[PDB]
């Protein structure tokens, strides 16, 4: 079930103020994506670089408290790990009846970090592409989930935000908060971000440990990957399989099963299971409560890897 442009009409927002809370990777694009489509947008963000960048973007930047007080659609675009602190201290006491409490990721609702009152709609519009892309695509996809419907229009108000940001153009698939949260987390951990970077690093290190030039390993392990995945996007694995040599495609077939075994699949099911049982959520929540001793260290190590170091010069010249 996919809602499209004919399923939505932003007219439900004519005269309705959308408070974009936060102004970062998603906050800046969606606020400017609503901007063109005649959506009256007010940005609620703490003072800082987001505050003045949204100001120079021509918006009405105010505090999170004042933004909730003067809006009917509160769109939560702070970091997932900051949303509960800001909510109870600045949003909750200012929520009124019929307001929409919107998210673009279901983490804080699904794992009980934000417990909204009963007189607001709780819905989600989760775009699949990062901000900058949502911005420029509109200037010329997403999931929708309705957690709590108090007005009877939360689905159609959320599709007016989908239409306002312009996701009904490409198309919006309906899901739930649980299903979006669980699969969004699993994808970036097991495949998109955790698996691929670990796979790129392992290949790179096998070549450098094999005596091969580090700059050569950078090309065939990381740099050629963009060209490999672009073809996958346009037409799946089949298209990418056809642009590459039969020598490459045959290597794919006989080597993929060696790299990703039945044991890798069993570990992915454990990753998924820990997501479903809130165990990852707990890990990330307590991680932030502890002052990120683990996130900061591992972030610095990943940036000190030779793949990232040798990657500097290589990208400069060309």
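Numbering follows the first chain given and starts at 1.
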Checklist line | Absent coordinates between residue 140 and residue 141 - deposited residues affected, binned into four classes | finding: 4 to 9
Next item on the list: Determine, for stretches 236 to 244 and 201 to 209, which one has the higher mean CA B-factor as deposited.
Entry: 236 to 244
Check: Comparing 18 to 26 with 290 to 298, which stretch shows the greater average C-alpha B-factor in the deposited entry?
Finding: 18 to 26
Margin query: I'd like to know which of 106, 195, 171, 116 has the highest C-alpha temperature factor in the PDB entry.
Written below: 171
Next item on the list: From the list 112, 166, 187, 79, select the residue with the highest C-alpha B factor recorded in the entry.
Entry: 166
Next item on the list: Classify residue 282 as lowest, middle or highest third according to the C-alpha B-factor given in the PDB entry, relative to its own chain.
Entry: lowest
Next item on the list: Could you tell me which third, lowest, middle or highest, the C-alpha B-factor of residue 46 occupies within its chain?
Entry: middle
Checklist line | Where the record places residue 85 (Cα B-factor, split into thirds across the chain) | finding: middle
Margin query: When the deposited Cα B-factors of this chain's modelled residues are ordered and cut into thirds, is residue 249 in the lowest, the middle or the highest one?
Written below: middle
Item checked: residue 182 CA temperature factor, ranked by third within the chain -> lowest
